[PDB]
file input27.txt (compact mmCIF, C-alpha atoms)
# COMPACT_ATOMS: atom_id res chain seq x y z
CA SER A 14 26.61 20.10 -3.15
CA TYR A 15 22.80 19.99 -3.21
CA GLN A 16 22.13 16.40 -2.24
CA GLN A 17 25.13 16.32 0.12
CA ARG A 18 23.49 19.22 1.88
CA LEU A 19 20.12 17.50 2.22
CA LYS A 20 21.91 14.34 3.43
CA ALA A 21 23.76 16.40 6.10
CA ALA A 22 20.50 18.02 7.24
CA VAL A 23 18.89 14.57 7.60
CA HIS A 24 21.94 13.19 9.39
CA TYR A 25 21.77 16.02 11.90
CA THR A 26 18.09 15.48 12.67
CA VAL A 27 18.61 11.73 12.87
CA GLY A 28 21.54 12.27 15.26
CA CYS A 29 19.21 14.37 17.43
CA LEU A 30 16.43 11.79 17.35
CA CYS A 31 18.89 8.98 18.18
CA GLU A 32 20.44 10.95 21.04
CA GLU A 33 16.96 11.39 22.53
CA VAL A 34 16.15 7.67 22.24
CA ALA A 35 19.62 6.75 23.52
CA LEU A 36 19.07 8.81 26.65
CA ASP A 37 15.51 7.51 27.07
CA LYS A 38 16.62 3.87 26.82
CA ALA A 39 20.03 4.26 28.45
CA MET A 40 21.75 2.66 25.44
CA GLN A 41 24.52 4.05 23.17
CA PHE A 42 24.57 4.17 19.33
CA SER A 43 27.78 3.83 17.35
CA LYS A 44 28.34 6.74 14.97
CA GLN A 45 28.20 4.19 12.12
CA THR A 46 24.71 3.21 13.32
CA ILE A 47 23.45 6.81 13.32
CA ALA A 48 25.01 7.22 9.86
CA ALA A 49 23.28 4.07 8.62
CA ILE A 50 19.89 5.21 9.91
CA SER A 51 20.50 8.56 8.21
CA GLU A 52 21.25 6.86 4.88
CA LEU A 53 18.23 4.59 5.40
CA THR A 54 15.96 7.58 5.99
CA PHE A 55 17.22 9.39 2.92
CA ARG A 56 16.59 6.34 0.67
CA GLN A 57 13.21 5.77 2.36
CA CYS A 58 12.14 9.21 1.16
CA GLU A 59 12.52 8.10 -2.42
CA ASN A 60 10.00 5.34 -1.79
CA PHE A 61 7.62 7.59 0.09
CA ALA A 62 7.79 10.27 -2.64
CA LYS A 63 7.13 8.03 -5.63
CA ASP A 64 4.36 6.15 -3.77
CA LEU A 65 2.63 9.39 -2.77
CA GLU A 66 2.93 10.65 -6.33
CA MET A 67 1.39 7.43 -7.68
CA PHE A 68 -1.40 7.50 -5.10
CA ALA A 69 -2.36 11.07 -5.99
CA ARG A 70 -2.34 10.33 -9.68
CA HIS A 71 -4.42 7.17 -9.06
CA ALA A 72 -7.07 9.54 -7.74
CA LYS A 73 -6.48 11.85 -10.75
CA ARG A 74 -4.65 14.60 -8.81
CA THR A 75 -1.31 16.30 -9.27
CA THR A 76 -1.01 17.60 -5.70
CA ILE A 77 -0.58 15.06 -2.92
CA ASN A 78 -3.10 15.22 -0.09
CA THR A 79 -3.56 13.78 3.40
CA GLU A 80 -5.42 10.76 2.00
CA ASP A 81 -2.49 9.80 -0.21
CA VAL A 82 -0.34 10.10 2.94
CA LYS A 83 -2.63 8.01 5.16
CA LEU A 84 -2.68 5.33 2.43
CA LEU A 85 1.09 5.27 2.81
CA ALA A 86 0.71 4.38 6.51
CA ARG A 87 -1.95 1.73 5.85
CA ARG A 88 0.69 -1.00 6.28
CA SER A 89 0.71 -1.41 10.07
CA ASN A 90 -2.53 -0.79 11.98
CA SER A 91 -0.54 0.93 14.72
CA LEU A 92 1.16 3.19 12.17
CA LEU A 93 -2.30 3.82 10.73
CA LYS A 94 -3.69 5.00 14.07
CA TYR A 95 -0.64 7.20 14.72
CA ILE A 96 -0.85 9.00 11.35
CA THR A 97 -4.62 9.44 11.61
CA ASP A 98 -4.36 10.79 15.15
CA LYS A 99 -1.51 13.03 14.03
CA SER A 100 -3.74 14.20 11.17
CA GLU A 101 -6.50 15.21 13.59
CA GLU A 102 -4.16 17.53 15.51
CA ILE A 103 -2.83 19.09 12.32
CA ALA A 104 -6.42 19.61 11.12
CA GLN A 105 -7.19 21.47 14.36
CA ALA A 106 -4.41 23.85 13.31
CA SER B 14 -14.59 -26.90 5.23
CA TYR B 15 -14.63 -23.78 3.02
CA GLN B 16 -11.24 -22.26 3.83
CA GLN B 17 -9.61 -25.69 4.15
CA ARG B 18 -10.78 -26.30 0.62
CA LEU B 19 -9.30 -23.06 -0.69
CA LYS B 20 -6.05 -23.86 1.16
CA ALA B 21 -5.90 -27.30 -0.47
CA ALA B 22 -6.50 -25.82 -3.93
CA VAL B 23 -3.67 -23.33 -3.39
CA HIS B 24 -1.41 -26.05 -2.03
CA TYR B 25 -2.02 -28.11 -5.13
CA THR B 26 -1.20 -25.29 -7.52
CA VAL B 27 1.85 -24.35 -5.47
CA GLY B 28 3.01 -27.99 -5.50
CA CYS B 29 2.73 -27.90 -9.29
CA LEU B 30 4.60 -24.61 -9.62
CA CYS B 31 7.32 -25.85 -7.28
CA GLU B 32 7.69 -29.14 -9.14
CA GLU B 33 8.21 -27.21 -12.37
CA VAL B 34 10.86 -24.95 -10.79
CA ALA B 35 12.47 -27.93 -9.07
CA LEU B 36 12.87 -29.70 -12.41
CA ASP B 37 14.06 -26.54 -14.16
CA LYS B 38 16.74 -25.89 -11.53
CA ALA B 39 17.56 -29.49 -10.70
CA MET B 40 16.94 -28.92 -6.98
CA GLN B 41 14.48 -30.65 -4.59
CA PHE B 42 11.93 -29.05 -2.23
CA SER B 43 11.03 -30.59 1.11
CA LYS B 44 7.30 -31.14 1.52
CA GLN B 45 7.44 -28.75 4.49
CA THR B 46 8.84 -26.12 2.12
CA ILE B 47 6.05 -26.51 -0.41
CA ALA B 48 3.59 -26.33 2.47
CA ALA B 49 5.20 -23.17 3.83
CA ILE B 50 5.05 -21.49 0.42
CA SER B 51 1.40 -22.55 0.17
CA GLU B 52 0.60 -21.00 3.55
CA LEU B 53 2.59 -17.90 2.57
CA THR B 54 0.62 -17.51 -0.64
CA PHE B 55 -2.68 -17.86 1.17
CA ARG B 56 -1.78 -15.15 3.71
CA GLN B 57 -0.36 -12.95 0.91
CA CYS B 58 -3.81 -12.92 -0.70
CA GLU B 59 -5.22 -11.19 2.35
CA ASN B 60 -2.73 -8.35 1.83
CA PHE B 61 -3.34 -8.19 -1.90
CA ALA B 62 -7.12 -8.13 -1.40
CA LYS B 63 -7.30 -5.39 1.22
CA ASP B 64 -4.76 -3.25 -0.71
CA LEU B 65 -6.66 -3.60 -3.97
CA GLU B 66 -9.86 -2.74 -2.15
CA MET B 67 -8.28 0.36 -0.63
CA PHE B 68 -6.77 1.43 -3.94
CA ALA B 69 -10.11 1.20 -5.75
CA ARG B 70 -11.89 3.12 -3.03
CA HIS B 71 -9.10 5.73 -3.10
CA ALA B 72 -10.18 6.37 -6.67
CA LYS B 73 -13.85 6.32 -5.58
CA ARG B 74 -14.71 2.90 -7.08
CA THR B 75 -16.24 -0.26 -5.66
CA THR B 76 -14.98 -2.59 -8.38
CA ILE B 77 -11.23 -3.19 -8.60
CA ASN B 78 -9.64 -2.51 -11.98
CA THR B 79 -6.31 -3.12 -13.73
CA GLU B 80 -4.94 0.19 -12.46
CA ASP B 81 -5.52 -0.85 -8.87
CA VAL B 82 -3.68 -4.05 -9.71
CA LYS B 83 -0.72 -2.38 -11.42
CA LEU B 84 -0.41 -0.08 -8.41
CA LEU B 85 0.00 -3.26 -6.37
CA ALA B 86 3.02 -4.24 -8.48
CA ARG B 87 4.60 -0.76 -8.32
CA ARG B 88 7.05 -1.99 -5.64
CA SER B 89 9.77 -3.56 -7.82
CA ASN B 90 10.42 -2.05 -11.26
CA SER B 91 10.88 -5.55 -12.66
CA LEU B 92 7.55 -6.67 -11.18
CA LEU B 93 6.07 -3.48 -12.64
CA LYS B 94 7.23 -4.33 -16.16
CA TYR B 95 6.03 -7.94 -15.84
CA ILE B 96 2.51 -6.97 -14.75
CA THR B 97 2.23 -4.23 -17.37
CA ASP B 98 3.44 -6.56 -20.13
CA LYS B 99 1.07 -9.23 -18.83
CA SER B 100 -1.71 -6.62 -18.93
CA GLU B 101 -1.02 -5.89 -22.62
CA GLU B 102 -1.53 -9.54 -23.59
CA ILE B 103 -4.73 -9.79 -21.56
CA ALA B 104 -5.99 -6.59 -23.20
CA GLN B 105 -5.39 -8.14 -26.63
CA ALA B 106 -7.83 -10.84 -25.50
CA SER C 8 0.57 -24.39 -15.01
CA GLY C 9 -1.04 -21.58 -12.97
CA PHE C 10 -3.95 -20.53 -10.73
CA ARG C 11 -7.59 -20.94 -11.74
CA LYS C 12 -9.48 -17.62 -11.91
CA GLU C 13 -12.26 -19.00 -9.72
CA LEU C 14 -9.78 -19.88 -7.01
CA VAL C 15 -8.27 -16.39 -7.13
CA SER C 16 -11.72 -14.81 -7.02
CA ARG C 17 -12.68 -16.74 -3.90
CA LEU C 18 -9.33 -15.93 -2.27
CA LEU C 19 -9.77 -12.19 -2.75
CA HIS C 20 -13.46 -12.17 -1.78
CA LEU C 21 -12.63 -13.94 1.47
CA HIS C 22 -10.75 -10.77 2.54
CA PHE C 23 -12.60 -7.72 1.18
CA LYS C 24 -13.92 -5.50 3.98
CA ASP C 25 -16.99 -4.35 2.06
CA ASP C 26 -19.48 -6.76 0.48
CA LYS C 27 -19.97 -4.31 -2.37
CA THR C 28 -16.33 -4.65 -3.48
CA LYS C 29 -15.98 -6.46 -6.81
CA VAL C 30 -13.19 -7.33 -9.22
CA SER C 31 -13.10 -6.64 -12.94
CA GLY C 32 -12.39 -9.61 -15.22
CA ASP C 33 -9.27 -7.90 -16.58
CA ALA C 34 -8.01 -7.27 -13.07
CA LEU C 35 -8.71 -10.84 -12.05
CA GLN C 36 -6.58 -12.19 -14.91
CA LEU C 37 -3.72 -9.90 -13.87
CA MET C 38 -3.98 -11.17 -10.30
CA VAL C 39 -3.76 -14.73 -11.61
CA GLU C 40 -0.43 -13.87 -13.23
CA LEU C 41 0.77 -11.94 -10.19
CA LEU C 42 0.05 -14.78 -7.79
CA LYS C 43 2.03 -17.12 -10.03
CA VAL C 44 5.03 -14.75 -10.14
CA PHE C 45 4.90 -14.54 -6.33
CA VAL C 46 5.05 -18.31 -5.93
CA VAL C 47 7.79 -18.79 -8.53
CA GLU C 48 9.91 -15.97 -6.95
CA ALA C 49 9.48 -17.69 -3.59
CA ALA C 50 10.58 -21.01 -5.08
CA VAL C 51 13.46 -19.65 -7.14
CA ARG C 52 14.85 -17.54 -4.28
CA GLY C 53 14.55 -20.62 -2.07
CA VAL C 54 16.68 -22.56 -4.55
CA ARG C 55 19.34 -19.84 -4.76
CA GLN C 56 19.60 -19.86 -0.96
CA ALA C 57 19.88 -23.64 -0.80
CA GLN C 58 22.57 -23.52 -3.52
CA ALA C 59 24.39 -20.75 -1.60
CA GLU C 60 24.60 -22.87 1.54
CA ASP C 61 25.13 -26.15 -0.31
CA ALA C 62 22.10 -27.97 1.04
CA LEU C 63 20.65 -31.10 -0.51
CA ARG C 64 17.17 -29.64 -0.78
CA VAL C 65 15.26 -26.46 -0.12
CA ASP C 66 14.26 -26.84 3.51
CA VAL C 67 12.13 -24.41 5.51
CA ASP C 68 15.26 -22.84 6.99
CA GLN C 69 16.44 -21.69 3.58
CA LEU C 70 12.98 -20.42 2.65
CA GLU C 71 12.70 -18.42 5.84
CA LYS C 72 15.85 -16.52 4.99
CA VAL C 73 14.52 -15.22 1.70
CA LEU C 74 11.00 -14.28 2.84
CA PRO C 75 11.68 -10.82 4.32
CA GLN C 76 13.12 -9.59 1.03
CA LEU C 77 10.41 -11.42 -0.91
CA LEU C 78 7.64 -9.70 0.97
CA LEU C 79 9.28 -6.29 0.43
CA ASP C 80 9.38 -6.81 -3.33
CA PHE C 81 5.65 -7.67 -3.31
CA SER D 8 12.90 17.55 18.12
CA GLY D 9 11.92 16.67 14.54
CA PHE D 10 12.30 17.36 10.80
CA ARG D 11 11.88 20.85 9.30
CA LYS D 12 9.06 21.08 6.70
CA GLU D 13 11.42 22.64 4.17
CA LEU D 14 13.82 19.73 4.46
CA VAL D 15 10.96 17.26 3.95
CA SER D 16 9.67 19.22 0.96
CA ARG D 17 13.09 19.16 -0.73
CA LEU D 18 13.49 15.46 0.02
CA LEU D 19 10.18 14.56 -1.64
CA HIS D 20 10.65 16.88 -4.62
CA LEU D 21 14.04 15.33 -5.32
CA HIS D 22 12.17 12.11 -6.22
CA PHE D 23 8.88 13.01 -7.91
CA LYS D 24 8.72 11.73 -11.50
CA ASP D 25 6.60 14.60 -12.79
CA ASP D 26 7.53 18.25 -12.29
CA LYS D 27 3.85 19.09 -11.91
CA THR D 28 3.56 17.01 -8.74
CA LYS D 29 3.01 19.11 -5.63
CA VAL D 30 2.34 18.50 -1.96
CA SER D 31 -0.40 20.03 0.14
CA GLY D 32 0.59 21.84 3.35
CA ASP D 33 -1.48 19.43 5.43
CA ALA D 34 0.11 16.42 3.78
CA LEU D 35 3.58 17.87 4.26
CA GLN D 36 3.00 18.20 8.03
CA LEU D 37 1.84 14.60 8.16
CA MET D 38 5.00 13.51 6.32
CA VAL D 39 7.09 15.37 8.87
CA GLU D 40 5.48 13.29 11.64
CA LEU D 41 5.78 10.08 9.62
CA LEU D 42 9.49 10.55 8.96
CA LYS D 43 10.04 11.10 12.67
CA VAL D 44 8.18 7.89 13.59
CA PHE D 45 10.26 5.97 11.05
CA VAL D 46 13.54 7.17 12.59
CA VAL D 47 12.41 6.55 16.17
CA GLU D 48 11.14 3.04 15.25
CA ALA D 49 14.53 2.32 13.66
CA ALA D 50 16.30 3.59 16.78
CA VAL D 51 14.03 1.87 19.32
CA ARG D 52 14.10 -1.47 17.44
CA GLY D 53 17.88 -1.16 17.25
CA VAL D 54 18.01 -0.79 21.03
CA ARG D 55 15.76 -3.80 21.64
CA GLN D 56 18.02 -5.88 19.44
CA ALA D 57 21.15 -4.70 21.22
CA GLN D 58 19.48 -5.47 24.58
CA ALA D 59 18.47 -8.94 23.32
CA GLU D 60 22.05 -9.84 22.42
CA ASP D 61 23.60 -8.01 25.39
CA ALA D 62 25.80 -5.63 23.40
CA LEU D 63 27.35 -2.52 24.86
CA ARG D 64 25.93 -0.27 22.15
CA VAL D 65 23.73 -0.40 19.08
CA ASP D 66 26.18 -1.28 16.36
CA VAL D 67 25.39 -1.66 12.66
CA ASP D 68 25.06 -5.43 13.04
CA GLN D 69 22.13 -5.02 15.43
CA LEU D 70 20.50 -2.42 13.21
CA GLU D 71 20.79 -4.62 10.14
CA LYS D 72 18.81 -7.34 11.85
CA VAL D 73 15.82 -5.15 12.49
CA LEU D 74 15.63 -3.37 9.10
CA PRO D 75 13.78 -6.03 7.04
CA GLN D 76 10.84 -6.00 9.45
CA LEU D 77 11.11 -2.21 9.77
CA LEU D 78 10.79 -1.69 6.04
CA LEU D 79 7.79 -4.04 5.90
CA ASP D 80 5.96 -2.02 8.55
CA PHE D 81 6.54 1.18 6.55

call {"tool": "encode", "arguments": {"input": "input27.txt", "output": "structure tokens"}}
result
Amino acid sequence: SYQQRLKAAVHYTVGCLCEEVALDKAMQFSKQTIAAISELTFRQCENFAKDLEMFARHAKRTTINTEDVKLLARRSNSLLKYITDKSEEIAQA
Amino acid sequence: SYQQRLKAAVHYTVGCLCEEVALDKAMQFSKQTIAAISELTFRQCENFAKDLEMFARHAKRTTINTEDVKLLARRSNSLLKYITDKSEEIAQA
Amino acid sequence: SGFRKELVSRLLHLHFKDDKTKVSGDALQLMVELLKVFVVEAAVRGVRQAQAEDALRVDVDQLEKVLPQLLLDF
Amino acid sequence: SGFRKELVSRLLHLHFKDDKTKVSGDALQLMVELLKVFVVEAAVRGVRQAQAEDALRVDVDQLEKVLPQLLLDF
């Protein structure tokens, strides 16, 4: 099923990310916790998508750009620096 | 003091709003609670201001408009309907 | 009952980064309504929480519990 | 380790309101990084919380405590 498939792909990447943190911090995650973060991340995409779409259209555009995306990360100043520094690397590519 | 004055004005309007809710719901607010909401509302204006400012400049404008403001209320669909319906009345004025 | 436009103008202008930034009159009226909604949501959610835990009044403890979700909705 | 661009594209497109909406390649790479940060923040904050209450593992209870602030920061 299409969305079941996308949910499984997210769950797998989240499981990988959590395993890496778990090893780095020497702390275990329950499988229910990994599952919850997966569900959280899937829902969070809805919010990201719609926001990005509104931000592009606010600037009279139909295709989302890196400014729309940086606006999304405006919320925490640390998140802002991380997405702007990540957008400098990507630009050099 | 300038900001103390703005804080007092907010506190007074918040006290009025809270009294009206308190009567409508037959429930009392501590004065510390009214004060906390006042402080909260004052801080919240910082976030509203900077966001509005960023949203206007995202659309290449220096003066904030009603679109910037409706973008601000995008977060909850109920808030979205209330600010769009409130913006129809104001337009009829 | 509600916020005076002049108060809301001063509140916003306190926090703009750029001194050029201005606010349309239309926008300013909408912000007046939005600020009121914010305060009333805070108050109403505070009441619900006090009711839920059977307190005699909305104390700061009850308020604090509803703020995280309040801030997310705004 | 991280998200594949194709996965992130599908995830976004699932939720756009207008079928015209598209995403630049640049933007899409940024979103890949941003989704990764979100997941790692969730995981790292979960760990801190578990440490703070001296649990043997990050269980859902510990996660749930850190989510409200997580969602505010994102």

call {"tool": "residues_around", "arguments": {"input": "input27.txt", "residues": "residue 80 of chain A", "least_positions_apart": "2", "cutoff": "12 Å", "atoms": "only C-alpha atoms", "output": "PyMOL selection string"}}
result
(chain A and resi 65-66+68-69+71-72+74+76-78+82-87+93+96-97+100) or (chain B and resi 67-68+70-72) or (chain D and resi 30-31+33-35+37-38)

call {"tool": "interface_residues", "arguments": {"input": "input27.txt", "of": "chain D", "to": "chain A", "cutoff": "8 Å", "atoms": "all atoms listed in the file", "output": "ChimeraX atom specification"}}
result
/D:8-10,14,17-24,27-31,33-34,36-38,40-43,45-47,49-51,54,63-67,70,79-81

call {"tool": "atom_distance", "arguments": {"input": "input27.txt", "atom1": "atom CA of residue 73 of chain A", "atom2": "atom CA of residue 39 of chain D"}}
result
24.1 Å

call {"tool": "atom_distance", "arguments": {"input": "input27.txt", "atom1": "atom CA of residue 98 of chain B", "atom2": "atom CA of residue 53 of chain C"}}
result
25.4 Å

call {"tool": "atom_distance", "arguments": {"input": "input27.txt", "atom1": "atom CA of residue 72 of chain D", "atom2": "atom CA of residue 72 of chain C"}}
result
11.8 Å

call {"tool": "interface_residues", "arguments": {"input": "input27.txt", "of": "chain C", "to": "chain D", "cutoff": "8 Å", "atoms": "all atoms listed in the file", "output": "PyMOL selection string"}}
result
chain C and resi 75-76+78-79

call {"tool": "write_last_selection", "arguments": {"input": "input27.txt", "atoms": "C-alpha atoms", "output": "mmCIF file, keeping the file's coordinate frame"}}
result
data_model
loop_
_atom_site.group_PDB
_atom_site.id
_atom_site.type_symbol
_atom_site.label_atom_id
_atom_site.label_comp_id
_atom_site.auth_asym_id
_atom_site.auth_seq_id
_atom_site.Cartn_x
_atom_site.Cartn_y
_atom_site.Cartn_z
ATOM 1 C CA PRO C 75 11.680 -10.820 4.320
ATOM 2 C CA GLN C 76 13.120 -9.590 1.030
ATOM 3 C CA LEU C 78 7.640 -9.700 0.970
ATOM 4 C CA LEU C 79 9.280 -6.290 0.430
#
